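For reference, the structure discussed in these notes is given below.
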Amino acid sequence: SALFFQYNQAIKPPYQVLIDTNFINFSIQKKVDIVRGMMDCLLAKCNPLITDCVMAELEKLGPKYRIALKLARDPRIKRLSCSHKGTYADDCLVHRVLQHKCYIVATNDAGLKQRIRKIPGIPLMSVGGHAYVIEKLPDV
Amino acid sequence: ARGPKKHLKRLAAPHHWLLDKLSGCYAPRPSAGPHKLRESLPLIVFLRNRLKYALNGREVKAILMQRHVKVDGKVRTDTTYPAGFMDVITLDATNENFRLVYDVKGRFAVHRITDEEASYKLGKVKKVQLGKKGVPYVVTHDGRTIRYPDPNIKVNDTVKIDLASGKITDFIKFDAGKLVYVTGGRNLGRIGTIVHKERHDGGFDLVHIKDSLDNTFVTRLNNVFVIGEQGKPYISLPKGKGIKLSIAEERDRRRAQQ
Amino acid sequence: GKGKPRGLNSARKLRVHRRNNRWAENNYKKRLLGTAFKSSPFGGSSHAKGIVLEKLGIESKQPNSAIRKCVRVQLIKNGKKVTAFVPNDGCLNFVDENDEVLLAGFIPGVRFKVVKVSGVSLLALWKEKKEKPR
Amino acid sequence: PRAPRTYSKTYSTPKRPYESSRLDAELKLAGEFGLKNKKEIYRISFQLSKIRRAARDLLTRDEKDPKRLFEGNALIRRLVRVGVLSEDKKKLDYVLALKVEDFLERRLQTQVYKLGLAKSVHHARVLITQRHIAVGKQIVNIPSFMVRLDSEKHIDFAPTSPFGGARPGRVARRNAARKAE
RNA sequence: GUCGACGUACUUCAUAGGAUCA
RNA sequence: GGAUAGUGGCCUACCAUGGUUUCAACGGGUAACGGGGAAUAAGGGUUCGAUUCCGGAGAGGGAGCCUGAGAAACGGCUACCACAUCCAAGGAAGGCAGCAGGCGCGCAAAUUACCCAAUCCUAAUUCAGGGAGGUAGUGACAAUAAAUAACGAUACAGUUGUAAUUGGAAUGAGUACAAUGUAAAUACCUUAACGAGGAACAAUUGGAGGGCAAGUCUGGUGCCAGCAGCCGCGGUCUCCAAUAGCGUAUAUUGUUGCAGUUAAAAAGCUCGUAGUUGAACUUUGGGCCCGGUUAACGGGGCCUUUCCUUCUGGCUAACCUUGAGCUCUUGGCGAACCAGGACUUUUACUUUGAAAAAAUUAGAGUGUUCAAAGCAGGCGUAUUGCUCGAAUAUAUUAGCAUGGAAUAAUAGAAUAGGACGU
Ligand SMILES: [Mg+2]
Ligand SMILES: [Mg+2]
Ligand SMILES: [Mg+2]
Ligand SMILES: [Mg+2]
Ligand SMILES: [Mg+2]
Ligand SMILES: [Mg+2]
Ligand SMILES: [Mg+2]
Ligand SMILES: [Mg+2]
Ligand SMILES: [Mg+2]
Ligand SMILES: [Mg+2]
Ligand SMILES: [Mg+2]
Ligand SMILES: [Mg+2]
Ligand SMILES: [Mg+2]
Ligand SMILES: [Mg+2]
Ligand SMILES: [Mg+2]
Ligand SMILES: [Mg+2]
Ligand SMILES: [Mg+2]
Ligand SMILES: [Zn+2]
């Protein structure tokens, strides 16, 4: 009901955006702030969301990625619970978007981007060049 | 060019005249006179764009040729006569007298005065020197040469000049605590009191001025004009009394009065 | 050290080194020396005038073939002979030997297409909105 | 020569016009509001982008900054006056939460449709362009006319319009004369 | 002179790899 | 010394041999008038600027002058160079890079228009003049808004679609009394009367995909495939994108921050001038007082071995004291502060203030019917009238004033030729 052909008529500001594990790496690599970078790209308030699978995925990374773990635990970033055994974040992220059509997916993996692309009405955010880019979001 | 210019483009005119940029292609060039070109208000702008008595330049000329306008007690018939700071403009038919004093925004204001206050003006002593035959004289900011000055009158002082005779009735020395009016720069139109004159030899002297609200600003000595002792100016002051108000305060007051 | 000066008073060396090296670019060298139009098909122009020498594909049996739409044209500016396309054989009727044709960039090897003949647009002729003046 | 008169473009082409989702969104917008072309949608998007960029830039400024206070208050006052922003949402964060639909709803076309003067957005557009709609005492023929909150209650049929108490149009009296003859 | 060198402008050849199925 | 309005090798006479340069002189190129500005960009940057304002230079090319306050003037003069008009052949007259309008090709583009009504300028001057300037005309320059139909019934076909079906309501494109507009006009805004079913009052520019024959061509593991089909025996179609706009062609280096084993690029090696860069150290800490913001944060004073020195002048606090009630008052002493003269290591860096024309950019207010815009306007009104604005920010480097004293330089007492003195 939220989808008009390929146009999602439910996703409206402020946006709820799921943070993928690799998104944080390139956000750090490009010196782009998570909260403001999304604000600049979309010109709207963004509510970043980190699920348990990505959060567990981050902790397994090791001491090298301590900064990303610290940023992931910033109080502004809300947490999303998981009711599934598997810890694979890509499978978790694909699952949630299918259930409810309100989430932006912020990621940089080519494989996960293709799977989300096949799902209709899912805006897909990525970090490239110097700042964030949003692909399938007409209100921009 | 091969000689003096005689035309003035509207975009090149002084900003404080507040001329429409699309009304024409030229603006009144002030004729040579007491005041500098950029510090002067030609009578056409005053009679047309400020008082609105005349609807066009031809009507201004019709008014002037009737000899209805006096500047400093003398009838002027030139449309572009450079009336300027502290100049008394008299219209006897309307029974009205004006003194050209900047408002806080930096633009000449339509300030009406009484006949008693229209009998005199103030002049900043720009020079004091001996003329031929050893006769001392003072040159003021409007080009008036007044002979036999009081010996105590020195540069930067303000002399009260009677228009009927053009003689110095009184004078005010330049000293700390004196009430001053700023006549140049971004602080144009402000009124305050001197605090300290910073003297630099071979350069420009700076004066620190404190306004009634306790704000302090520094201005070059060339832009300062003594107008009396604190709280007791020798002339009636415009509305707002030369106090700058921030944009927020102006908004608040404007909403309050509206 | 990255192989470049980093001292605070080394601006001159950085400027002079940069200026010498910008000449390595082909884009820069062409842009400054004014040789960027040697590669252009028309030698710097967007359109070229030409003289129709012959219609090579006039005789080809298959109608509306690629060959049928080619015309051999002589460039007036330098006299070099080139091949140009016509939109269709219907337009090929308008083009005949010894007319001035305005060429524009476009069977491989044919890089030009006719846009005007005798000072009149082919599309205008093809749409029956003008007559070819002779 | 005379001084230049300023001009500016009120619209801009989007970054990627060919996105299928974008095409569907424009189709829905045009159909719902009866817009003539994509130019109107681009115009509203350009205005909204300008407003939101200004709001973001002000937000970047530290709170209590005089520039932030003055400009943000002015912007919020304008948005509330035109009706896009509700009274209770007087903050710069909610300015970033605006959408093109909010502006489109304020167009005189949609307002004429909603108030019950017209049976459809297209009927409202025809009524406006035919000089039947008056906002106060002023006849307005511009569908893009943005109605303010105060102006909202004064939309009516124009006094000169046949529907507003004037004489019948040319067709009506023409047919009446032919029937009478 | 179907001349040599250089400069310039172009053309062209080298792309498939893993898994499943028959 | 001459000359100039005047400084000056500007020129002259006599003298010295100096002046610029790897921190790039000099020479060369420039499709080089400079700036305010324009575009792009996330930021650094890159490019554009004949072109509405400011300044410079020129009036076909060199040269020289009269007049005048002001000219090396060219809608002033004289010569030469090149062109070129009239001529009775003796002579005479030239300068559109001013407004219109021509040539420069054989291929192309605003009117040889009206007016000084507004803007301002000139004169002896309110009055005359002004191709400066305005008005209108004229290729979709660049921009704003926005018509080409709305509401129903009937009919047909697989609750959807299609109508040269049908009903009476609406309106401007256009025409036009009139009035307004204007110097006079055109136009706009108004408005009598006309102005709609194919509403023929006849929207365009590109792209994609079909289907049809006693038709045409090419090839061959038969009846097929490819090309394609305005052409046959007679006879004189659908969809997609933008939309009063759309298409085509050409064009459109890393300071932040690049790379150098094996696929661009480390010089054969060392020395070495310019250039860039260059170890650490010199007042740290401690004890109090004052007044600010929201217990933290910052700002000032003292004390601690730490006060610039000296002279002069102005005022005078506090301190001693008499007298009259912490306040006045007698008479000494005169700190602090202020003004000036001497006395004085120099910068780099950063903070703050002036300056950086207007227009432009950002930006506040304002129902130009909306908007692009403009700087307007707004409120009462029987009568006479009142009144708010024309804000604010930005602007690099250099120069000026100012607070800091971290970082990085610079000078000092060594043959003492050193500091101080009642
Ligand atoms: Mg001096
Ligand atoms: Mg290292
Ligand atoms: Mg009407
Ligand atoms: Mg000599
Ligand atoms: Mg240039
Ligand atoms: Mg040149
Ligand atoms: Mg220029
Ligand atoms: Mg000249
Ligand atoms: Mg010429
Ligand atoms: Mg000359
Ligand atoms: Mg001439
Ligand atoms: Mg001239
Ligand atoms: Mg001309
Ligand atoms: Mg006379
Ligand atoms: Mg060395
Ligand atoms: Mg060191
Ligand atoms: Mg500076
Ligand atoms: Zn999960």
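Numbering starts at 1 and runs along the chain as displayed.
Method on record in the header is electron microscopy, 3.2 Å.
Each Cβ is built from the backbone N, Cα and C atoms, and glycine gets one as well.
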Where does the ubiquitin cross-link label fall among B:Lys70, B:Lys132, B:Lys210, B:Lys244, going by Swiss-Prot?
B:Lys210
Looking at Swiss-Prot, which of B:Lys21, B:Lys52, B:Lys61 is flagged as ubiquitin cross-link?
B:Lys61
How far is it from B:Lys160 (ubiquitin cross-link) to B:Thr114 (phosphothreonine), counting Cα to Cα, in Å?
16
Who sits close to B:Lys133 (ubiquitin cross-link): which same-chain residues at least 6 apart have their Cβ under 8 Å from its Cβ?
none
What does DSSP call B:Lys167 (ubiquitin cross-link) in the simple three-state scheme?
strand
For ligand 11, which among the recorded positions B:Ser31, B:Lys61, B:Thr114, B:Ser246 have a CB under 6 Å from it?
none
For B:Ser31 (phosphoserine), what is the secondary structure state per DSSP, taken as helix, strand or coil?
coil
If you measure B:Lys173 (ubiquitin cross-link) to B:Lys210 (ubiquitin cross-link) at Cα, how many Å is it?
18
From the recorded positions B:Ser31, B:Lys61, B:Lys178, B:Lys210, pick the residue whose C-alpha lies nearest to the C-alpha of B:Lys167 (ubiquitin cross-link).
B:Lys178
Which of the recorded positions B:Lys61, B:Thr114, B:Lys178, B:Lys210, B:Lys232 has its Cα closest in space to the Cα of B:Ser246 (phosphoserine)?
B:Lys210
Between B:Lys210 (ubiquitin cross-link) and B:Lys232 (ubiquitin cross-link), the C-alpha gap once rounded to whole angstrom:
16
